[PDB]
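J.: Take this sequence and fold it.
(3 chains, ligands or ions: 21)
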Amino acid sequence: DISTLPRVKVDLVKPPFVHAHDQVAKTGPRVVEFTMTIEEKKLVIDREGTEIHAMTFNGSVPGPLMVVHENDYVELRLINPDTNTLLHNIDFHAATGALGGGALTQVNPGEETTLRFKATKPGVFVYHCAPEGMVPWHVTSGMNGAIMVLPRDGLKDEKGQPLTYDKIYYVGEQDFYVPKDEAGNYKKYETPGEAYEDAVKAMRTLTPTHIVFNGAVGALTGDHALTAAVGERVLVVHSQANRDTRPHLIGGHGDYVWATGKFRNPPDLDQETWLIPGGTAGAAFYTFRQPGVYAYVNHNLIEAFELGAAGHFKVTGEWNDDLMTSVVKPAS
Amino acid sequence: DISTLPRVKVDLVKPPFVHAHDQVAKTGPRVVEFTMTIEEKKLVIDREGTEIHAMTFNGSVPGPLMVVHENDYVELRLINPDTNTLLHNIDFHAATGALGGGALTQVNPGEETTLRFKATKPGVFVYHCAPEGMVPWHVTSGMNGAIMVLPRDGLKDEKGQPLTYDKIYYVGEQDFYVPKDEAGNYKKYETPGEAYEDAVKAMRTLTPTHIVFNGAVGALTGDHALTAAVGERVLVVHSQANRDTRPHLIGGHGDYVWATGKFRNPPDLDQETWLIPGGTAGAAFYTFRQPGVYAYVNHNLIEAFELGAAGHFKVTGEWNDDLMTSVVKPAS
Amino acid sequence: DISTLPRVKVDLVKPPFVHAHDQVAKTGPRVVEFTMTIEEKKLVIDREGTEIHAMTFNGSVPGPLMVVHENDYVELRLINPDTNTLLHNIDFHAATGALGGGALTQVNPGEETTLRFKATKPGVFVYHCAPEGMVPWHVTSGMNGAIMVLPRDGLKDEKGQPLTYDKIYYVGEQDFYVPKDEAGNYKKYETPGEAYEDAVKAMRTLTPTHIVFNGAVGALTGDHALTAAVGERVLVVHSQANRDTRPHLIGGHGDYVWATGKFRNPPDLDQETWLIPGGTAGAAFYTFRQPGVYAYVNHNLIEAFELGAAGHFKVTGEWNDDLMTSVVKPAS
Ligand SMILES: O=N[O-]
Ligand SMILES: O=N[O-]
Ligand SMILES: O=N[O-]
Ligand SMILES: O=N[O-]
Ligand SMILES: O=N[O-]
Ligand SMILES: O=N[O-]
Ligand SMILES: O=N[O-]
Ligand SMILES: O=N[O-]
Ligand SMILES: O=N[O-]
Ligand SMILES: O=N[O-]
Ligand SMILES: O=N[O-]
Ligand SMILES: O=N[O-]
Ligand SMILES: O=N[O-]
Ligand SMILES: O=N[O-]
Ligand SMILES: O=N[O-]
Ligand SMILES: [Cu+2]
Ligand SMILES: [Cu+2]
Ligand SMILES: [Cu+2]
Ligand SMILES: [Cu+2]
Ligand SMILES: [Cu+2]
Ligand SMILES: [Cu+2]
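T.: Numbering: from 1, shown residues only, chains lettered A, B, ... in the order given. Ligands and ions are numbered 1, 2, ... in the order given. Next up is the structure itself:
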């Protein structure tokens, strides 16, 4: 009887950060309430000033990570304000039935809806918009995110001992297919609707023009680099709603990796690089052992360094010469 | 001594259906006899009426699923009637030696041959045509299928308890590379041979023009949708002979997945999406919990919704509001 | 205290062969010393005489396999002679910190450097050049290889019993992106530097013009085919520094496969085809059961047979009719 269950309202935060939560559940099952507002907005995605009409959950690409526990109920109030122009909905890969909620959440501009589903399977899962007949257009315009459903007793290693993370980040990787004129310059449009048929042609090439973390080339760099300290245990959740990716931490590893993101399976150990299939979220756990700059990339290095799929960690602490040292610095 | 073993003749059925078989073996090892006839035929693959010269085992794309048990012998009579124009053969990934039977099964039009091999490894495996110097052309013209080699005691879960399916379907996913003129219209040819050099150029782009389940855009929809009932246990065998795919059941999961299809390994649990590498067959087990329409797709959603890699299940039975419910229907 | 550890100098050999080593460690931890010389050289990559300016470790594509044990120290003297024109460095995916050694090994022509790192994780790992701002160009010009870090007690199967290989081969798979003029003919340049901007455009298509094993179309064929005998246990290490691949032994299997190459995980059994993500090394163990020619391919068969990703084994010994036999040879 759902009426006798506690409700808890969560306010979401912008990626790559994640809302506050407990790893090990401190309560019985709850109805966890979330609200998201759909925003269609102009987004500048590269250093050249290329602009697209992005379609977002809550103003960000990706949409925010939602965190619950196994056998909680998720109740999502989804709002499409009348400032938008398109019909939208939501499909949770975590949910069972009705096209993941897609059949039940069709909202025109000016409408809202509330969906509830039981989180029966633990893991990280993609969610994404999926309106009838324009599914890939919405998804590849940025309308996707992820939800993590923790087991009620937290994460476990391959022997079933606890794994406790100190920090968690969410990296959403996005393939864009910006239409091009005859010479190869990116086209500009006043509304999303204008772009529709050129978008379809661009997608059909199967060749993205940009592949980015957190909505833009260089988004997870500089002042916006992810941070950690030597000794910290970090969980990186990574999603790709449409296309395969292969994350790699340059200078590090994935100590424990759920590459297809489902926590009832044991993790793969000591990964250099792992494959997250399109339409999947994965998760990797690493303990930092050396300070400095690390690059986190899609290890198709063209996709990383030319198309944009690269971010940085900056890690503080003490250098360990046992692990690595320059014996003779570069010299004639 | 093979002469003292029982023989059993099996008549194959059209995909997505699968010939009758026992999961748990009710006999000792047998020689299982199959016959296939090669058909070169014109196939219409999309709603626009695009036509290719398909090369088929038994008239279908994919070829039919063959089902045996571990340590049976498979004896295949392969017929190439003199109405065809090309040399063909067969390579079973399930078999050991002679290029999977390819070296021993070269048949010109008007010839036949009988191959026998022992099924030593349990799993689902691709089979495909592979004639010297035109391997990808034959395969990507539809000349592939799969064979399932069940363990003699049926399938097991990750703890080794029995898994029994109530229904089984075979989804063959096919990448086509239809040649195009300068403007981008699909070309037409009178014979397969005419197309050869344009086919090679089309393949080399590595960009398929269509990606389809069961031989055509929309083949597993409408009257041809796959069916099940709430509570039923369904095994979907999925093959791709040439290119990677990432299946996903929209509104469902892969409860138990052998993504690379080999049953001595434990299955991955609770998958949202899984990667089947090109040249592989995989298998996914799901128990339906909600009625309605489900879409089964390649979750590169461009490949699904624009290029054709999407089918439907229609599931009958009772709606469970505990799992999912609309709390507030879409409204102003 | 590293000064009290034995040192051992290893001389590397050309791929596909691998330097001599012990599977089970016969000594305690050592400092293993290697030397590599960077060579920029003109390479002919196909039968048409297409030429590129390759960038190599030790003169080969791939660079040589290095073999150590878990918790050895690797000490690499890296030399960039003043006959080269570019700045180079090295990133080991096996190492921890400083961008895998990349931050510490930047050498202009005429410089050398010595790096030491501790091999803390067992597996096969990619190494590759990664200079600031031209990472994919160097990697996709051939500047990559792999290192294997054996567990001190050798390899184990999925039950933890020993697996001992009789032979080991290293297959490096390389994606090239040779620039093309308007009509589609490959361009030629006098220096590597000349090619830079055309290279970037070619890479951005994400479409390789060639995909080869060991540096050229047909390199592992004819007199250069890999060899084995029926009954032998063979380990094939396969790396791809930039793009996904899906190896398959035609006529065989991967009996034990570490597709993402990390030996603390149990192997997948009985694989037909397996996925090695870009930026990864994997390893497959097979025991030959039939003599003859086997083709080892990337099972995107366009990539294999049209673009070059195919090699051969030639296996000697006795034919086993129990496993496979022609019952009726091809006939009218
Ligand atoms: O500015 N909204 O697409
Ligand atoms: O747009 N909410 O009524
Ligand atoms: O679906 N492309 O990885
Ligand atoms: O194909 N996805 O990198
Ligand atoms: O679901 N992969 O851990
Ligand atoms: O009509 N046969 O290709
Ligand atoms: O074509 N059969 O003899
Ligand atoms: O081989 N293409 O997935
Ligand atoms: O690359 N296959 O979707
Ligand atoms: O072979 N994969 O279960
Ligand atoms: O000939 N050296 O690029
Ligand atoms: O190039 N070595 O000094
Ligand atoms: O990154 N391409 O497989
Ligand atoms: O996408 N690599 O075959
Ligand atoms: O790391 N894969 O065995
Ligand atoms: Cu939308
Ligand atoms: Cu989806
Ligand atoms: Cu054929
Ligand atoms: Cu094959
Ligand atoms: Cu270099
Ligand atoms: Cu790397």
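J.: Now whichever residue of the stretch 101-250 of chain A sits closest to ligand 2: closest residue in space, sequence neighbours ignored.
T.: Using CB to the nearest ligand atom, the single residue of the stretch 101-250 of chain A nearest to ligand 2 is residue A:112, 4.0 Å away. C-beta coordinates here come from the backbone N, C-alpha and C atoms, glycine included. The spatially closest residue to residue A:112, leaving aside those adjacent along the chain, is residue A:79, at 4.5 Å (CB to CB, 6 or more residues apart in numbering or on different chains).
J.: The residue in chain A that ligand 7 sits nearest to: which element?
T.: As assessed by CB to the nearest ligand atom, ligand 7 sits closest to residue A:206 within chain A, at 40.3 Å. Counting by DSSP states H and E, there is no helix or strand that carries residue A:206.
J.: number of nearby residues for it?
T.: By the criterion of other CB atoms under 10 Å in any protein chain shown, residue A:206 has 21 neighbours.
J.: From ligand 15, how far out is it?
T.: Computed with CB to the nearest ligand atom, to the nearest Å, the distance linking residue A:206 and ligand 15 is 28 Å.
J.: OK, contacts around that residue?
T.: B:207, B:300, B:302-303 (CB atoms under 8 Å, 6 or more residues apart in numbering or on different chains).
J.: Can you tell me which of these has the most neighbours?
T.: Counting neighbours by other CB under 10 Å, residue B:303 leads those with 29 neighbours.
J.: On the strand side of things, show who the closest residue to residue A:240 other than its chain neighbours bridges to.
T.: Spatial nearest neighbour of residue A:240, chain neighbours left out: residue A:173 (4.7 Å); criterion: CB to CB, 6+ apart. Note on residue A:173: beta-bridge partners by DSSP bridges are residue A:213.
J.: give me the number of residues near the closest residue to ligand 11 within chain A?
T.: As assessed by CB to the nearest ligand atom, ligand 11 sits closest to residue A:301 within chain A, at 20.8 Å. When neighbours are counted by other CB under 10 Å, residue A:301 registers 27.
J.: For the stretch 201-332 of chain A, just list every one of the strands.
T.: Along the stretch 201-332 of chain A, counting by DSSP state E, counting those that start in this stretch, strands occupy A:210-213, A:226-229, A:233-240, A:247-250, A:254-258, A:268-271, A:280-287, A:292-298, A:310-316, A:324-331.
J.: biggest strand in chain A, by residue count?
T.: strand A:31-44 (DSSP state E).
J.: got the angle between that one and strand B:324-331?
T.: Strand A:31-44 and strand B:324-331 meet at an angle of 50 degrees, taking axes from the mean of the first three to the mean of the last three CA atoms, to 10 degrees as the criterion.
J.: ok, back up a step: the residue of chain A closest to ligand 11 and residue A:87, how far apart?
T.: Distance of residue A:301 to residue A:87, computed by CB to CB, to the nearest Å: 39 Å.
J.: The closest residue to ligand 9 within the stretch 151-300 of chain A: how many residues sit nearby?
T.: Closest approach of the stretch 151-300 of chain A to ligand 9 (CB to the nearest ligand atom) occurs at residue A:244, with a separation of 6.8 Å. Around residue A:244 sit 23 other residues, with neighbours defined as other CB under 10 Å.
J.: now residue A:29
T.: As a burial measure, the neighbour count of residue A:29 was computed by other CB under 10 Å and equals 18.
J.: OK, contacts around the closest residue in space to it that isn't next to it in sequence?
T.: Residue nearest to residue A:29 in three dimensions, not counting chain neighbours: residue A:71, with 5.0 Å by CB to CB, 6+ apart. Listed by CB under 8 Å, 6+ apart, the contact partners of residue A:71 are A:29, A:118-120, A:152.
J.: what sits against the residue of the stretch 101-250 of chain A closest to ligand 2?
T.: With contacts taken as CB under 8 Å, 6+ apart, residue A:112 has the following neighbours: A:77-80, B:328, B:330-331.
J.: got a list of what residue A:248 touches?
T.: Residue A:248 makes contact with A:272-273, A:296-299, C:93, C:279, according to CB under 8 Å, 6+ apart.
J.: Show me chain A divided up by domain.
T.: As given by curated CATH domains, the domain ranges for chain A are A:1-151, A:152-318.
J.: for these, which one sits closest to ligand 8?
T.: Of all the domains of chain A, the one in closest proximity to ligand 8, counting by CB to the nearest ligand atom, is domain A:152-318 (8.2 Å).
J.: picking up where we left off before, strands paired with the longest strand of chain A, and their directions?
T.: With DSSP bridges as the criterion, the sheet partners recorded for strand A:31-44 are strand A:7-9 (parallel), strand A:51-57 (antiparallel), strand A:73-80 (parallel).
J.: re earlier: between the strands of the stretch 201-332 of chain A, which one is nearest to residue C:249?
T.: Each of the strands of the stretch 201-332 of chain A was scored for nearness to residue C:249 using CB to CB, and the closest is strand A:268-271 (23.3 Å).
J.: Mind giving me the packing neighbours of the closest one?
T.: Applying 3 or more CB pairs under 8 Å, 6 or more residues apart in numbering or on different chains; DSSP states H and E, one finds that strand A:268-271 contacts strand A:254-258.
J.: angle of the strand it packs on against strand A:233-240?
T.: Counting by the same axes, to 10 degrees, strand A:254-258 points 50 degrees away from the direction of strand A:233-240.
J.: Each with direction, which strands does strand A:254-258 pair with?
T.: Under the criterion DSSP bridges, the sheet neighbours of strand A:254-258 are strand A:268-271 (antiparallel), strand A:280-287 (antiparallel).
J.: quick revisit: SS state for the residue nearest to residue A:29?
T.: coil (DSSP: H, G, I helix; E, B strand; the rest coil).
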